[PDB]
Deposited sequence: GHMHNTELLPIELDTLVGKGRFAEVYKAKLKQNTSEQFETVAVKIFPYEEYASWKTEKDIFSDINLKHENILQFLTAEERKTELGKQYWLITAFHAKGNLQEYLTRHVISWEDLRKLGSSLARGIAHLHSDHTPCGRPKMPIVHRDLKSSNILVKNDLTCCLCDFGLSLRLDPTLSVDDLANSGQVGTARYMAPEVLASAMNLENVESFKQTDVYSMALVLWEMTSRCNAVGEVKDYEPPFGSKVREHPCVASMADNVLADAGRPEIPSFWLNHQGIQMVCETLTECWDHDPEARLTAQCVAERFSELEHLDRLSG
């Protein structure tokens, strides 16, 4: 019943699981194996349920193969088998490479399309579908495909906006995610729980920081500095919510957009788009769909 898989190399370690480059015996196909210990069964079930939905299928969402339960000598493991993207995550890609305007346009539009798709109540063909909020969107969580387009993948903290969700259930999760990428209303514990979609606006803010990281490493601006994560020099390596709130909320701080970047007409449209997306007011932000339309115009 189990797939003939040989694990090769540990390529990543998340909060809930390890990721291995692996060989699937067919000749062989290269796949990624996400391995959860018994203790993280709930995160494995969450991702499996998200990936199992036939309506999720999209070019900017990681391709799911199967979920497996694997007995070991000293216990049991829970596996998620997915496509492998050799270029790795976007944060390491941006650290190592200076990108072109064409690359930025491809990465930026594909990210917005992937997020607009997750948030949508319909598939691209109009079939009803469960909206999903990512909740831990960041450059280290986005995969770079061989054609230099984004691929969303890490759904352990993601929330299916199920109509049966209670107000007490929505607050039960607490402050989930990475503090560096947390929207000001998330840092403030000021999330409007009377309406789910306030969750969609938090994904749009995190996406705006990712679009900034991409722009910051694009040669089209002219002079490109070394990669630094958003608010890199203002806070400690693994910042607490309090130090992030001092910057994002109290100091109204956003990653720096030097004026010379706006000399290029393309970078200008990008910088204006991501600026609306990181507004203090979640209701003043563009939707991921608005952002994808802006990229489809450029």
**Asked** Do you know which deposited regions have no coordinates at all?
**Response** 1-6, 33-36, 309-316
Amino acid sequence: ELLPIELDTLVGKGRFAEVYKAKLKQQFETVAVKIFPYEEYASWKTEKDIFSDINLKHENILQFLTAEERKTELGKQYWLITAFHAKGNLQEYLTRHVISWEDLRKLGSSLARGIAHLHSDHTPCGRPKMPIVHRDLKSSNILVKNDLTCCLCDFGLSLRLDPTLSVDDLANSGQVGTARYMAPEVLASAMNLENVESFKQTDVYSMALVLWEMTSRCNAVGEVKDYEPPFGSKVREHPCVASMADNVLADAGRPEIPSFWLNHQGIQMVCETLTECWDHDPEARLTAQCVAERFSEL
From here on, numbers count along this sequence of modelled residues.
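Take the two forms, superpose them, and find the largest set of C-alpha atoms that agree within 1.5 Å; that set is the rigid core.
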**Between 214-222 and 118-126, the one whose CA atoms sit farther away in 6 other deposited structures of this protein (rigid core aligned)** = 118-126
**Message:** Please tell me which region, 89-97 or 128-136, has C-alphas lying farther from the displayed form on average in 6 other deposited structures of this protein, with superposition done on the core.
**Reply:** 128-136
**Message:** So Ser158 is built in this one, but is it left out in a third or more of the other compared PDB entries that include its neighbours?
**Reply:** no
**Asked** When the other PDB entries of this protein are compared, is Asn263 left blank in at least a third of them?
**Response** no
**Of 147-155 and 164-172, the one with larger mean CA B-factor** = 164-172
**Mean Cα B-factor comparison, 73-81 or 189-197, giving the higher one as deposited** = 189-197
**Message:** Comparing recorded Cα B-factors across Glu40, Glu29, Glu47, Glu59, which one is largest?
**Reply:** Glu29
**Request:** Using the entry's values, work out which of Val33, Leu65, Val248, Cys240 has the largest Cα B factor.
**Result:** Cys240
**Asked** C-alpha B factor of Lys225, ranked within the chain: lowest, middle or highest third?
**Response** highest
**Complete:** Split the chain's modelled residues into thirds by Cα B-factor; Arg180 lands in the lowest
**Complete:** Quick tally, chain-level thirds of C-alpha B-factors: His122 sits in the middle
**Item:** Record-listed C-alpha B factor of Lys25: chain third
**Value:** highest
**Request:** Tell me, lowest, middle or highest third: where does the Cα B factor of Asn89 rank within its chain?
**Result:** lowest
